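Step one of this worksheet: look at the structure below.
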Ligand SMILES: Nc1ncnc2c1ncn2[C@@H]1O[C@H](COP(=O)(O)OP(=O)(O)O)[C@@H](O)[C@H]1O
Ligand SMILES: Nc1ncnc2c1ncn2[C@@H]1O[C@H](COP(=O)(O)OP(=O)(O)O)[C@@H](O)[C@H]1O
Ligand SMILES: [Mg+2]
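Residue numbers (PDB author numbering), protein chains in the order written: chain C, 8 to 510; chain G, 76 to 124; chain F, 9 to 480.
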């Protein structure tokens with residue numbers, strides 16, 4: 008009470024000062040033509056007298072198009088618009104961790120104010136060719152399919168593209184839930200601070216998302232940034248730049264950070280609304296020209312930093328939905344063109360039975376084997392080549408073109424590895440169990456074993472290896488490579504377990 | 076194959092006579108021609124062909 | 009209080025009203041005088057000096073240029089309270105059932121803000137609606153938004169009437185039906201059905217459902233504000249009474265389409281296919297207000313037309329984004345004869361999770377979807393060649409798939425005029441048991457004609473036995 012009194016009466020300066028303003032013309036639909044600001048700078052946070060920010064774009068000789076950060080009822084024609092004096096900025100700290108933060112800095116979750124220290128400009132320039140260095144660290148997701156065919160690098164951007172309702176947000180949350188075991192460990196290089204920018208979603212999906220992360224105890228890497236549907240179109244526009252600025256703070260301090268841009272097409276459609284209300288000419292699908300420049304800034308804010316610049320990395324993974332699987336639409340071609348890694352879900356495998364539904368050969372990671380551990384590189388290259396062989400031989404021998412022993416070998420190993428890559432929702436596993444199970448799948452011992460029985464093989468095999476083989480998995484994950492004694496030991500343990508599986 | 080419901084009817088008649096010759100007959104060791112007859116008989120009487 | 013301004017330009021809804029001294033803020037309700045019925049306009053954009061660009065809700069006929077308009081100075085205040093149950097109103101708040109005015113005490117405004125992130129319910133109890141395809145593949149969420157997509161003549165309205173006649177009996181919570189841009193024939197039939205079924209009561213104050221109708225005869229400004237009307241009625245019954253309300257909004261594409269018509273008149277640049285640029289955020293605010301909160305529960309079933317069966321159209325696409333349980337009431341499965349023609353692949357629900365619905369329901373549902381996806385690939389092969397190119401595995405999958413796909417269909421209570429069967433209310437455990445038996449393959453001898461319009465699986469066994477006996 009009394010502390011509230013004294014903070015209210017000491018905190019506000021009430022330091023009046025002469026200040027540039029300008030009256031307001033047409034306040035249309037969140038856009039306001041403001042006459043008068045002859046010294047406003049382009050893309051600047053400006054302030055409507057009812058207490059609400061707007062961002063000044065589209066500086067014209069008549070007037071400035073300020074697009075508002077919120078509701079439109081609270082603005083009339085003829086009121087003042089005060090210049091704040093600086094570009095729109097995001098308050099970033101490490102005390103911002105584990106707290107849902109509305110798109111500017113405003114933590115709307117009911118857990119007090121944010122204890123920020125480091126304000127940061129949000130429209131910053133990304134690093135050049137010298138401050139960047141290449142991908143080195145293996146960004147693991149816990150998904151067997153991602154970490155064994157399209158592995159991520161700490162230092163990298165990699166799409167999650169699909170159609171609606173396929174498992175893309177679920178892949179992003181598997182990626183989040185994996186990294187708990189690296190945060191609570193010892194190495195700072197393993198530890199994770201991630202930023203989940205939910206663009207244009209609904210508030211109950213973000214609420215149940217925070218429920219899943221709190222129940223999975225995720226709230227020390229995580230920073231959830233919600234610009235939901237009821238938020239204004241510039242809050243949905245500006246939210247992934249805010250998450251990028253928080254990720255750039257962690258990166259330039261030297262902590263391995265990532266950002267999941269969930270539903271990045273909602274940023275594209277909110278910026279389409281903004282351009283068509285500020286009367287810019289429409290381009291293709293009524294999206295304007297610089298949507299590629301928009302996502303190109305947003306996604307080239309991330310690669311590994313130099314060893315003299317802290318060594319912190321950023322992993323941008325944006326989630327994008329197509330419509331009817333049309334990859335040739337404007338926003339998917341732009342966002343595939345800017346990124347390099349991309350994970351393709353076609354959906355017919357989701358209804359066919361593999362989970363997560365990576366339908367695959369469209370998906371590629373350009374950094375490839377450089378972003379794997381040494382064991383997963385030693386095991387899972389022949390798996391990718393075998394899956395390529397399997398897909399093409401099944402595609403022409405759909406009807407039984409020619410079946411020698413080689414073709415039934417290819418279909419057998421392909422179907423068995425297809426049921427290897429199935430994995431339940433919200434259950435990420437570490438890298439050493441993945442090396443163990445893809446060793447049990449690729450290096451023999453599963454080729455003639457009745458493909459419906461692969462899932463019980465998975466369950467009993469993980470139970471076996473977590474039961475009496477924890478120190479050997481410690482040897483595998485800490486030694487890096489899977490050594491030759493560990494190789495023959497995995498051979499012996501999978502043979503013993505094949506006996507105990509036909510027991 | 077690629078010829079309709081031929082081998083379906085042949086396999087139906089063959090396994091019907093096999094089930095009729097399962098009771099009170101024992102040696103139902105069989106001979107067959109073509110790939111399609113053994114291909115429709117890899118499962119039910121894969122021993123007896 | 010009010011401010012008298014002058015109409016100077018008229019297009020439909022879009023009426024440019026000149027204010028020189030008393031210009032009102034955006035989203036206001038200002039009445040045109042000199043009229044038979046009160047012509048409430050809604051202030052949006054101030055464009056020039058004086059220029060409030062209003063949207064006009066009723067008969068634009070007779071609007072002379074330079075006509076006096078009284079600005080009341082508020083958003084569209086309508087009656088709410090327990091005095092609106094069993095009482096029809098339209099978007100101004102006016103009672104259109106000719107029983108008298110609303111005798112309520114307080115007014116609630118049509119325009120409001122969404123509930124914040126600070127207080128949001130995150131619990132998910134399964135709503136079992138007695139329908140096999142719903143309770144198997146996309147089960148509903150008691151306290152989440154439910155959407156019935158589909159084209160024209162696909163059975164959305166019949167499925168809504170099943171949902172009222174099945175779930176609305178259970179919820180003692182006050183229901184709210186909002187008809188937006190649909191047939192006035194259906195609102196009439198629904199009103200007399202609510203009278204006869206005892207859901208409303210014209211002689212007592214113990215009725216259960218409120219009604220708002222902004223049917224398709226209305227000008228676009230009216231139809232752009234009906235979902236807001238019924239939604240702020242149901243939002244009163246959530247907040248300041250604490251009830252577990254149902255919100256049956258048919259057909260939210262009429263809301264979005266009326267927005268597109270008004271915006272084509274409002275002088276905004278056309279977006280993609282022919283809609284407005286504010287399709288994501290206008291529907292965003294309207295859908296974010298339809299939410300279950302800490303203060304009370306909304307279970308909102310809403311029918312969402314798709315134009316020309318395009319699910320890639322922007323309004324159905326963003327409505328797929330704003331939902332918790334979709335149901336794609338397709339048409340091609342009705343060409344095959346299955347009613348409702350619910351595409352179950354493209355229908356999902358957020359609540360299907362083995363840590364929620366149990367392992368048995370999840371395994372049966374994912375097996376059914378697996379068999380139907382394999383059947384879709386095999387029906388490509390069948391449509392070219394024929395069924396004499398498949399192996400034993402493929403033919404058992406095709407046969408089990410046709411058995412399942414016929415067994416998804418059931419006869420409803422409200423659609424007993426079209427079919428012959430009575431209304432089948434299938435419980436949950438019988439749905440799991442029936443589809444589990446058909447999936448495990450204990451019915452490799454019944455015909456597929458015995459699973460059509462059946463209900464429980466014992467009715468399928470009995471229909472096959474009666475078919476064999478009438479062939480005997
Ligand atoms: N590994 C998995 N196992 C089982 N189900 C999964 C898996 N991954 C995703 N899913 C399914 O995906 C759905 C969630 O999809 P989501 O990621 O929300 O897509 P979108 O964000 O496009 O709506 C859930 O219903 C869930 O059942
Ligand atoms: N369970 C059912 N049994 C038989 N016919 C049905 C069933 N459900 C819907 N229909 C058919 O669908 C039509 C109703 O569709 P409706 O939802 O009124 O169209 P709209 O989607 O344009 O409102 C009816 O003519 C009826 O023949
Ligand atoms: Mg998503």
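Backbone N, C-alpha and C fix where the C-beta goes; we use that ideal spot for every residue, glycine too.
Open item on the list: When you measure from the CB of residue 158 (chain C) to every non-hydrogen atom of ligand 1, does any distance come out below 6 Å?
Closed with: no
Open item on the list: Let me check you understand the geometry: is the CB of residue 211 (chain F) closer than 6 Å to at least one non-hydrogen atom of ligand 1?
Closed with: no
Task: Residues near residue 318 (chain C) in its chain [Cβ-Cβ closer than 7 Å; skip 5 each side] - done: 261, 312
Task: Contact test: residue 355 (chain F) Cβ vs ligand 1 heavy atom, cutoff 6 Å - done: Because no heavy atom of ligand 1 lies under 6 Å away, the Cβ of residue 355 (chain F) does not count as near it: no.
Open item on the list: Looking at the secondary structure, which residues open and close the alpha helix (DSSP H) in which residue 415 (chain C) lies?
Closed with: 412 to 427
TODO: Using a threshold of 7 Å, state whether the C-beta atoms of residue 111 (chain G) and residue 76 (chain G) are closer than that.
DONE: yes
Task: Near ligand 1: residue 327 (chain F) beta-carbon under 6 Å from a heavy atom - done: no
Open item on the list: Against residue 396 (chain F), what residues of chain G qualify as contacts under a CB-to-CB distance less than 7 Å, listed in chain order?
Closed with: Result: 79, 80, 83.
TODO: With a threshold of 6 Å, establish whether the CB of residue 221 (chain C) neighbours any heavy atom of ligand 2.
DONE: no
Open item on the list: If you reduce the DSSP assignment to three classes, tell me which class residue 201 (chain C) lands in.
Closed with: strand
- [ ] Could you tell me whether any Cβ in chain C is nearer than 7 Å to the Cβ of residue 26 (chain F)?
- [x] Taking Cβ atoms only, chain C never reaches closer than 7 Å to residue 26 (chain F), which makes this a no.
- [ ] With DSSP as the reference, label residue 101 (chain C) as helix, strand or coil.
- [x] coil
- [ ] Tell me whether residue 90 (chain F) counts as near ligand 2, meaning its Cβ is closer than 6 Å to at least one heavy atom of that ligand.
- [x] no
Open item on the list: Please identify the residue among G:97, G:116, G:90 whose C-alpha is closest to the C-alpha of residue 108 (chain G).
Closed with: G:116
Task: C-alpha gap between residue 521 (chain C) and residue 503 (chain C), whole angstroms - done: Outside the shown range of chain C, which is 8 to 510, sits residue 521 (chain C), and nothing can be said about it.
- [ ] Go to residue 267 (chain F), then tell me how far its alpha helix (DSSP H) extends in each direction, as first and last residue.
- [x] Residue 267 (chain F) -> alpha helix (DSSP H) spans 260 to 273.
- [ ] Measure how close the beta-carbons of residue 89 (chain F) and residue 339 (chain F) come, nearest whole angstrom, since I'm counting them as under 8 Å.
- [x] Rounded, the Cβ-Cβ distance is 41 Å, inconsistent with contact.
TODO: Report the option in C:51, C:386, C:490, C:365 whose CA atom is closest to the CA atom of residue 425 (chain C).
DONE: C:365
TODO: Name all residues in chain order for which at least one heavy atom of ligand 4 lies closer than 7 Å to the residue's CB.
DONE: Of the ligands this structure carries, namely ligand 1, ligand 2 and ligand 3, none is ligand 4.
TODO: Measure the CB-CB distance between residue 74 (chain F) and residue 337 (chain F) and report whether it falls below 7 Å.
DONE: no
- [ ] State yes or no: is the C-beta of residue 351 (chain C) within less than 7 Å of the C-beta of residue 168 (chain C)?
- [x] yes
Open item on the list: Please report whether the beta-carbon of residue 496 (chain C) lies at a distance below 7 Å from any beta-carbon of chain F.
Closed with: no
TODO: Please specify which runs of the beta strand (DSSP E), each continuous and at least 3 residues long, are wholly inside the segment 285 to 331 of chain C, giving them in chain order.
DONE: 321 to 328
- [ ] With a threshold of 6 Å, establish whether the CB of residue 477 (chain C) neighbours any heavy atom of ligand 1.
- [x] no
Open item on the list: Less than 8 Å between C-beta atoms, sequence neighbours within five positions excluded: which residues of the same chain meet that for residue 143 (chain F)?
Closed with: 136, 137, 434, 436, 439
- [ ] Check whether the Cβ of residue 152 (chain C) sits closer than 6 Å to any heavy atom of ligand 2, and report yes or no.
- [x] No, the Cβ of residue 152 (chain C) stays beyond 6 Å of every heavy atom of ligand 2.
Open item on the list: Here's the rule I'm using: 16 or more other beta-carbon atoms within 10 Å means buried, otherwise exposed. How should residue 306 (chain C) be labelled?
Closed with: buried
TODO: From the DSSP output, in three-state form, read off residue 215 (chain F) for me.
DONE: coil
- [ ] Can you tell me which of the three DSSP states residue 433 (chain C) falls into?
- [x] coil
- [ ] Mind listing the chain F neighbours of residue 276 (chain C)? Cutoff is C-beta to C-beta under 7 Å, in chain order.
- [x] 288
Task: Proximity below 7 Å, CB of residue 275 (chain C) to CB of residue 338 (chain C) - done: yes
- [ ] Indicate whether the contact test is met: 3 or more Cβ pairs, each with one atom in the segment 58 to 76 of chain F and one in the segment 105 to 116 of chain C, closer than 8 Å.
- [x] no
TODO: Please confirm if residue 330 (chain C) has its CB atom under 7 Å from at least one CB of chain F.
DONE: Among the residues facing chain F, residue 330 (chain C) is included, as its CB has a counterpart in that chain under 7 Å away.
Open item on the list: For a contact defined as C-beta to C-beta under 8 Å, what are the partners of residue 118 (chain G) on chain F?
Closed with: Against chain F, the beta carbon of residue 118 (chain G) has neighbours under 8 Å at 400, listed in chain order.
Task: DSSP bridge partner residues for residue 185 (chain F) (one or two, in chain order) - done: F:219, F:256
Open item on the list: Let's see if you can read the secondary structure: which residues bound the alpha helix (DSSP H) around residue 199 (chain F)?
Closed with: 192 to 204
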